[PDB]
Amino acid sequence: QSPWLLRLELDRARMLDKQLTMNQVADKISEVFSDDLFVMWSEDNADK
Amino acid sequence: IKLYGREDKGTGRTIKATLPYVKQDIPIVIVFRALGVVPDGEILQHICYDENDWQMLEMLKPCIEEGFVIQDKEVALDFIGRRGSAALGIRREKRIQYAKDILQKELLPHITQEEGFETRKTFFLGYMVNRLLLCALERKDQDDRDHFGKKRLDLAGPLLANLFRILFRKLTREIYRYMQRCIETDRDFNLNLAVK
Amino acid sequence: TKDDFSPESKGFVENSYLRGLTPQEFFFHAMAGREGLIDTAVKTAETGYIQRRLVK
Amino acid sequence: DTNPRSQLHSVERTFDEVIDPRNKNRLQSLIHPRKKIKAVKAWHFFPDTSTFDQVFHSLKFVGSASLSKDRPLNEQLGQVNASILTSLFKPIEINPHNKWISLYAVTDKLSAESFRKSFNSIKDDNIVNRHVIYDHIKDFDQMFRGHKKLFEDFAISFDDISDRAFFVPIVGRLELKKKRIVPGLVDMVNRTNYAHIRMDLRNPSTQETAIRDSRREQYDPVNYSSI
Amino acid sequence: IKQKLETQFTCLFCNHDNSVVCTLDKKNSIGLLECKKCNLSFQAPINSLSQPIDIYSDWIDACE
Amino acid sequence: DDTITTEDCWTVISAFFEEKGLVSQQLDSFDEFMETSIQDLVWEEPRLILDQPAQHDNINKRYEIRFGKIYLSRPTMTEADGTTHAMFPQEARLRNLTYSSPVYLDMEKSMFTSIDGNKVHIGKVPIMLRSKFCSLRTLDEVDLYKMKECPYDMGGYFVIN
Amino acid sequence: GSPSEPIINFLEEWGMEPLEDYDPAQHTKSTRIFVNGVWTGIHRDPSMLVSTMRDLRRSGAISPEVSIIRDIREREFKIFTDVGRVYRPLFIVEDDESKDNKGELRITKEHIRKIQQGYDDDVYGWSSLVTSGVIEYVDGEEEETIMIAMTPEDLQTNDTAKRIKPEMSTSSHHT
Amino acid sequence: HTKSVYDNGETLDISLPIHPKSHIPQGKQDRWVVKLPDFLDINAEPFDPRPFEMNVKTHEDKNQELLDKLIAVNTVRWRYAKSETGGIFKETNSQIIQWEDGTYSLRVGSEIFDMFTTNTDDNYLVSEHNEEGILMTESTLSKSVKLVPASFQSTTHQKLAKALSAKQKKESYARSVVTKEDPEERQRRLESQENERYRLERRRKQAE
Amino acid sequence: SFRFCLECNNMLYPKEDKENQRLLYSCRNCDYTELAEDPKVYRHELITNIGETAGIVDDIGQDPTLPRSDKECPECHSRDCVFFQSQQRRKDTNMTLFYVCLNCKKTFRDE
């Protein structure tokens, strides 16, 4: 693995409006990139 | 001064300037170094006026990355001269002199024409790039083409001046040709016959 | 004044033709009439071309 | 008032209406035409006699060549520093196309301070042989712009004890920019400048002093004319 | 990817014109000028913005 | 003071039209062109230079001619017989002439040699009516009738053929 | 069309400093100055400069057709002496706060009677009005930065036939 | 670590002649560079009333004469003043006035010109030694000072405004002239003569 | 805001030391290298708000074409104020007003 961290902040308001789940986004990224990227996602109760 | 690269397309958003009597577009960093400002910090000082404006800085990053290959004044002048649409096979020294001619003159002629007076041209290039980026960042509306304060009206004066300039240049060329033809006889031409 | 969105500041002619138009309303109404004239004089050629193509 | 007599009379009237700096009452009488504010202090405006023979140039650093911007250079030369106030410049030109300026300074603070004190206290005819060694620091590219008129620019120096202000002419302006030496020319570069320069302080020769006095005779002939 | 282009430059050994072909390889950052008649080969380094005029000028400078 | 009414605004507008007129821009532009623009157009390229290194004894001869002042005249008519006389716009209109005036240029010729010219006529410029170089700028009101010119005519146009 | 050399001389005389004495980091608040489209210098107190230039133009020292524009939003101060700019005359309202005549037309009945007579009381025509500072010309670009009243009745704060004037209640006060 | 390029150690034993200074700055080697306006001039020469009166020039051009008068009356000058005790003293017509706000003003006679100061860094004054080809520093130019007229009502400003306003009023380059004959007569007569000598030359060449 | 080389003036690019596992900024035309203080190498904002209130000048109160209101200043509590809408002019820009007093020039809203 590489030390280079790539993170991005999702707008909570529009994420809720689109009725999406953080797990769903992570699953989509994993499916499109297989196991080439290790992905962690914050819980829905996080501030951001 | 064209800004290449669409929104999320064309990789970097490079900026290529178009100069008179030059066949191909040239990146802005190269022309800046050609005018005689080689360090990147000085170029950024010339272009921007607020270091906190990270958006214009990240817009400028691809231009610096592209122009990093050239790192000296003389090599930049040679690159400008190579595409200067002049005769093919011109030597490097003559290429540099041709670039200096095409850079001092014919490049923003309304600013100045004399030697050692190119700092103002660099500052005006900075102003133009600043305006281009400022409109690209949607911070300002694009200049209105129909704004009547940006129009001019040509009355009898300017129109007659243009026509008379053309006709007088034609008369001067005719006098020149007649002089060349008549010197062969080595005669004291009246100069009242050369004119038509 | 700058940033004025009132009805009279963006082309609402409050008066009638009998009552008469103020200079600002006069200019705005002239702008609208010019647009009408231009639209007619431009669409006529496009319509003529369309009808010729249809007939052919 | 185009009459030459009128112009001369205006000249003597202007000469006569000079306010005495010691006169506090007359100084307070003067009021700014627009600010309507009283005057506090005054200084006579005089030219400088001992410095007209020399040639003065305004030297400036352009862009990144700023000494304040160059943090390691400022740290080495001291964070007003006497080393800057005693620096030497050596213009060397290999050819018309290639030109640069060489900068030298005194790294030691004690030597620079002693040299500055000796230089600024030259009012007698005894100068100690201060063999001060100057070390090269940096080189810059140079451009020069000349003044068409003699006194286009003038620098003003003050003297509170005498209530005067001495001004000196400025001949031209010299601009310096940071120059990156081409790796292919360092061989000739090492043969151009020097690592050290030694300055020896000696009293000026009689002939050179007479030449300088003859040059100054244009300005002040009462105290310097040859007999 | 090597790129082969026909150029209208003049060979300085054979003096035949329109017999110069420029071969530049961006992968290895090299550019080759070959005379279709003289069979002479000129090699020079190239950059990302290099063009056949650049290699031609380099050849001219090398020749003199 | 006292308030300003609409009638005072119309007094000011009357003053404006009394000074300027309705075609003042045409006449002003033409006067500017004739007074200064022609001379500057000539001086834009003030030198024609020919040189010759004669070896036929190296004698480098430079032949250079310079353009000097511009001399203008009132419009004039030159008949076929040869006589020339002042021309007025009515005669030009009736006879299908052109209301134009000659332009004279001073040319100075120099013969530079190192071993190592008067008012020439260059053309005729048409004259805008009622401008500074028109014959009707003077003549007052009475003489304008004798020349068969309408006093209500405002000028601002040329007469070509 | 007018020569721009007097404008440059006045600007240099009144404190404008040229470009070679300019550093973007230092003068982070100075105002640029354009003359006929070329950037000629910078200034740090544009208000007094524009006031001086406008007063000079009104006094006749500068040609009345010279366009003087100040763009406060963009920190620019443009000047035009170009040929071919369409202008038109306007009355001048005394807008100096320090003046007792604030918010009133400069032209008075004395000027009207002088115009009617045709001479001053120790030829008085339109040009005299323009050079006496009561009327000035503005072009399409200077109009962006001015506030015009439609009628002299607009300068101060139930019929079925007469027309209705704009209320203009968005602004508490007008200058 | 950018290693020092120069390590030869070669040293020059050059000794410079230095002259004593008539004055010495106290507390700070600071000087102010001041741009000279067109309406202000410096006359370093001592004032000589008789040559000045005998060398006053009168010109037809009113604008040039007024500008010369203004610059002459505003020129900074100095002269030797004989003291009442028999000594000689340097007397000047120019002074510097500092107001309560701290601003400085240059005064010549009754005229007052304000000073606008802008701080400048890395700007120094040097002394040129041409015979040795080296530059010796003198002091630091901390501030750049501009000279501005105090007010509109100042006589200098009014004279400048008058001169510049009437300077651009005079513009008439083309000079009128009266044509007495056909402007094309010279061309046709010279063409006739040229054709005549062409015929004569052709006959001579055929006979030669 | 990005830094530049202190002796070459060129732009310093981020770099990682394999043996030290530290972030460094290194010039490309010179061997100069300086330690990185912050880990935020790069940041891109999909939705941004800069340019909305940054368009402020000290002499905005000298514009005669700007409307004058009577909103109360939080700082000076003056009776005279000048207001304008957002300088940023994207197609989806809000119409909120920014009020500037003539003494303190503080920008605030009625929200």
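Read from first to last, the chains carry the letters A, B, C, D, E, F, G, H and I; within each, the first residue is number 1.
Note that a residue touches a chain if its C-beta (ideal position, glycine included) is under 8 Å from a C-beta of that chain, and two chains touch if they have at least 3 such contacts.
Could you give the fewest steps needed to travel from chain C to chain G through chains in contact?
Step count on the best path from chain C to chain G: 1.
When you take the mean of every protein CA atom shown, which chain's own CA mean is nearest to it?
Chain nearest the overall C-alpha centroid, as shown: B.
Between chain A and chain F, what distance separates the C-alpha centroids? Give it in angstrom.
Distance between chain centres, rounded to whole Å: 81 Å.
Nearest whole angstrom, what separates the Cα centre of chain E from the Cα centre of chain G?
Computed from C-alpha means, the inter-chain centre distance equals 64 Å.
Using mean C-alpha positions as chain centres, tell me how far chain G is from chain I in Å, no decimals.
Computed value for the inter-centroid distance: 34 Å.
What is the distance, in whole Å, between the centres of chain F and chain H, each centre taken as the mean of its C-alpha atoms?
Centre separation, chain F to chain H: 39 Å.
Counting only residues that touch at least 2 other chains, which ones in chain D make the list?
Those would be 63-64, 178, 180.
Residues of chain H that contact two or more other chains, please.
Answer for chain H, listing residues that touch two or more other chains: 120, 186-187.
Multi-chain contacts only, two chains or more: what residues does chain E have there?
none
With touch defined as at the top, which chains are paired up in contact here?
A-I, B-D, B-E, B-F, B-G, B-H, B-I, C-G, C-I, D-H, D-I, F-G, F-H, G-H, G-I, H-I
Can you check the complex and tell me which residues of chain F touch chain G?
Of all residues in chain F, those touching chain G are 1-4, 8-9, 11-12, 15-16, 18-20, 32.
Which part of chain H faces chain I closely enough to touch in the complex?
Contact set of chain H toward chain I: 1-2.
Going by the contact rule set out above, which residues of chain H touch chain G in the complex?
Residues of chain H touching chain G: 37-39, 116, 118, 120, 144, 146, 148-149, 152, 160-162, 164-165, 167-168.
In their complex, what parts of chain I are in touch with chain B?
1-2, 4, 8-11, 28-29, 43-44, 48, 50-51, 87-90
What residues on chain D touch chain H, complex-wise?
1-2, 4-5, 7-8, 10-15, 17-19, 21, 30, 32-35, 37-61, 65-68, 80, 84-92, 119-125, 127, 133, 136, 149, 151-162, 164-167, 169-171, 174, 181, 186, 189-190, 193-205, 208-209, 212, 218-222
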